[PDB]
Amino acid sequence: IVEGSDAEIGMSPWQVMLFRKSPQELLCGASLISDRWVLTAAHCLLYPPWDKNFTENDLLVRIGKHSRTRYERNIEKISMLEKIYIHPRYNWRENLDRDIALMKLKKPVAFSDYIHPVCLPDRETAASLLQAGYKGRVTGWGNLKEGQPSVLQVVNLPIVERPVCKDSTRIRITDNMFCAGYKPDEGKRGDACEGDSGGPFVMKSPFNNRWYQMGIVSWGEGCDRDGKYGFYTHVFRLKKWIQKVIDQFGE
Amino acid sequence: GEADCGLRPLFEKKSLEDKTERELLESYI
Amino acid sequence: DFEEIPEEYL
Ligand SMILES: Clc1ccc(-c2cc(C3CCNCC3)[nH]n2)cc1
């Protein structure tokens, strides 16, 4: 996260670290959506252009964390993956369209002060809150500059008008993406960066005072560049896929 | 969705506000 | 770079 701040303790209890077993490194963010399901970006698991194609056994998820590198004894829980599901129409060949994936945990994680699921939006919540100007929140342990944080970082960023998103890049933008970030004339700054991808863009509904995951940190061109914006997977648009997977392969 | 989703034990459950959530509320015009 | 995690997890 560029130009963010240290998270408060328990501020993002759905935040998950995707962690490579060997060598031991942070791959991506992710989020806890139930006791056995974790949401992340498909490109965190599968990206053929870079010979990335992880299996379940290559990976761990670390839940309840604050410190990036410390093993947080008695706080964090580490879970093994039962099964990975990648969206069938995830477009790694072109523009990361449908950059979403689910991970089913071998066993349910226990909720606690530090571990708790975020909500997925319903159609009305999306309609109501996914508006230009409305701010969401992005969290992660990625780089501080286009170095690395001691603890989980947080930044609030406004959703951006679709024509402006489109006009900022040569990449083809789809209805399964939205962009967020400050304009050069707005003065304030902030973005995700390397290692933040797969984590959540969340909003707090003013109607029922619950946090909803509206986006997944998907891609950008640089970090916190003037006239550029971070692009996020539109979670509500893919929710039928999410629900299908969980209905069929969940217990 | 799970019944208790999106309500943080250290914030919503205890009626404590985090340091920047108000910035989000203020944007929801 | 990262602190050693318990080997049960690996
Ligand atoms: Cl939303 C968002 C914003 C930025 C990134 C983002 C940008 C980078 C690097 C890649 C190497 N060149 C420098 C930038 N990594 N992740 C991901 C997602």
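The residue numbering used throughout counts from 1 along each chain in the order its sequence is written. It may not match the entry numbering, and residues with no coordinates are not shown. Here the convention is simple: chains get letters from A, ligands get numbers from 1, in the order in which they are written. As a convention, hydrogens and water are excluded, and side-chain values are obtained from all of the structure's heavy atoms. Residues with missing side-chain atoms are left out of burial classes, side-chain pairs and their counts.

**Q** What am I meant to see in the UniProt feature "active site" in chain A here?
**A** Residue and element names in this part refer to chain A. UniProt positions are given in the numbering used here, feature names are shortened, and annotations may be inferred rather than shown by experiment. The residues that UniProt annotates with the feature "active site" are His43, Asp99 and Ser197. Inspection of the secondary structure assignment puts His43 in the loop between β4 (37-40) and β5 (46-47). A simple rule labels every residue: compare its accessible area, found with a 1.4 Å probe on the protein chains alone, to the largest value its type can have, and call it buried under 20%, exposed over 50%, or partly exposed in between. On the basis of relative accessibility, which here comes to 12%, the residue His43 falls in the buried class. Numbering goes from the N terminus for both helices and strands, where a helix is a DSSP run of H or I of at least four residues and a strand is a run of E of at least two. Relative to the elements of secondary structure, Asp99 occurs in the loop between β8 (77-86) and β9 (101-105). Contact definition: two residues touch when any of their heavy atoms are within 4.5 Å. With near-sequence residues (within four places) excluded, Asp99 lies in contact with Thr40, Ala41, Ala42, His43, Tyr90, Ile216, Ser218 and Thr233.

**Q** What is the right way to read the domain arrangement of chain A from this model?
**A** By a widespread convention, an interface's size corresponds to the accessible area lost as its parts come together. Residue and element names in this part refer to chain A. Residue ranges assigned to each domain were obtained from an automatic or database domain assignment. Here the domain parsing of chain A yields domain 1 (1-12 + 118-236) and domain 2 (13-117 + 237-250). Placing a centre on the C-alpha atoms of domain 1 and another on those of domain 2 gives a separation of 18 Å. Listed by partner, the interface residues are 41 residues for domain 1 and 38 residues for domain 2. Once two parts are joined, some of their accessible surface, as seen by a 1.4 Å probe, is lost; buried area is that loss totalled over both. Summed over both sides, the interface of domain 1 with domain 2 buries roughly 3200 Å², with 57% coming from carbon and sulfur. Broken down residue by residue, the surface that domain 1 buries against domain 2 is led by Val118, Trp141 and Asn176, which jointly contribute 23%. Salt bridges, as used here, are contacts in which a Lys or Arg side-chain nitrogen is within 4 Å of a carboxyl oxygen on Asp or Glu. Put simply, domain 1 and domain 2 have one salt bridge between them. Salt-bridge contacts for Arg172 lead to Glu94; the nearest nitrogen and oxygen are separated by 3.1 Å. We define a polar contact as two N or O atoms separated by no more than 3.5 Å, with the added condition that, inside protein, one atom must be a possible hydrogen donor and the other a possible acceptor, whereas residues neighbouring each other in sequence contribute only through side-chain atom pairs. For the pair domain 1 and domain 2, the interface holds 27 residue pairs in polar contact.

**Q** Would you mind showing me how to read the sheet that holds strand β2 (residues 15-20) of chain A here?
**A** Strand pairing in a sheet relies on backbone hydrogen bonds. The paired strands run either parallel or antiparallel. Residues and elements named next belong to chain A. Read once around its circumference, the closed barrel built from six strands follows the order β2-β3-β4-β9-β8-β7, with strand pairing classed as antiparallel. Looking at each pair of strands side by side, their axes are set apart by 40° on average, direction ignored. Pairing between two strands requires that DSSP report at least two bridges joining them. Strand direction decides the pairing type here: strand β3 (residues 25-32) and β4, joined by two bridges, are antiparallel. Residue pairing in the sheet places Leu32 in a bridge with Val38 of β4. Under this scheme, a helix contributes an axis fitted over its contacting stretch, all axes are lines through C-alpha atoms, and angles between N-to-C directions fall in the 0 to 180 degree range.

**Q** Sorry, what's going on with the interface of chain B and chain A here?
**A** With 22 residues of chain B at the interface, the matching set in chain A holds 28 residues. Regarding the contact of chain B and chain A, the summed buried area is about 2200 Å², with carbon and sulfur atoms giving 55% of it. When the area that chain B buries against chain A is broken down by residue, the three leading residues are B:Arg8, B:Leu24 and B:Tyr28, summing to 26%. Here chain B is connected to chain A by four salt bridges. Between B:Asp18 and A:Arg137 there is a salt bridge, with the nearest N and O atoms lying 2.8 Å from each other. Here chain B is connected to chain A by 19 residue pairs in polar contact.

**Q** Where do I start with the state of the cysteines in this structure?
**A** A covalent bond bridging the sulfur atoms of two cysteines is what the word disulfide describes. Residue and element names in this part refer to chain A. Only a pair of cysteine sulfur atoms within 2.5 Å qualifies as a disulfide here. Taken as a whole and judged by the stated rule, the model has four disulfides over all chains. Sulfur-sulfur distance for the disulfide between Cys28 and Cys44 comes to 2.0 Å. Judged by the torsion about the S-S bond (-90°), the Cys28/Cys44 disulfide is left-handed. Highlighted residues: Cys28 in strand β3 and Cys44 in the loop between β4 and β5, separated in sequence by 16 residues. For the pair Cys28 and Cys44, one class covers both residues: buried.

**Q** Hey, could you run me through the UniProt feature "disulfide bond" in chain A in this one?
**A** Between A:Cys28 and A:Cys44, where UniProt places a disulfide, the sulfurs come within 2.0 Å of each other, which fits a bond. Taking relative accessible area as the criterion, A:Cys28 reaches 3% and is therefore assigned buried.

**Q** Would you take a moment to explain the packing of aromatic side chains for this structure?
**A** The relative placement of two aromatic rings is captured by the distance of their centres and the angle of their planes. Between 30 and 60 degrees the pair is tilted, below 30 it is stacked and above 60 it is edge-to-face, where a pair is any two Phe, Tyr or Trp rings, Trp via its six-membered ring, whose centres lie within 6.5 Å. The tally for this structure, following the rule as stated, stands at ten aromatic pairs over all chains. Relative to B:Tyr28, the ring of A:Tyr134 has its centre 5.3 Å away and its plane inclined at 40°; by these criteria the two rings are tilted. Of this pair, A:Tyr134 sits in the loop between α1 (123-129) and β10 (135-140) while B:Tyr28 sits in the segment after α1 (21-27), on two different chains. Members of the aromatic cluster, each reached through a chain of ring pairs, are A:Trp37, A:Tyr85 and A:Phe249. Two conditions define a charge located above a ring, namely a distance within 6 Å from the ring centre to NZ of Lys or CZ of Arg, and an angle within 35 degrees of the ring normal. In this structure, A:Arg62 packs its charged tip against the face of A:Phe19, placed 4.6 Å from the ring centre. The ring of C:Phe2 has A:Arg68 sitting right over it, with the charged end atom 5.7 Å from the ring centre.

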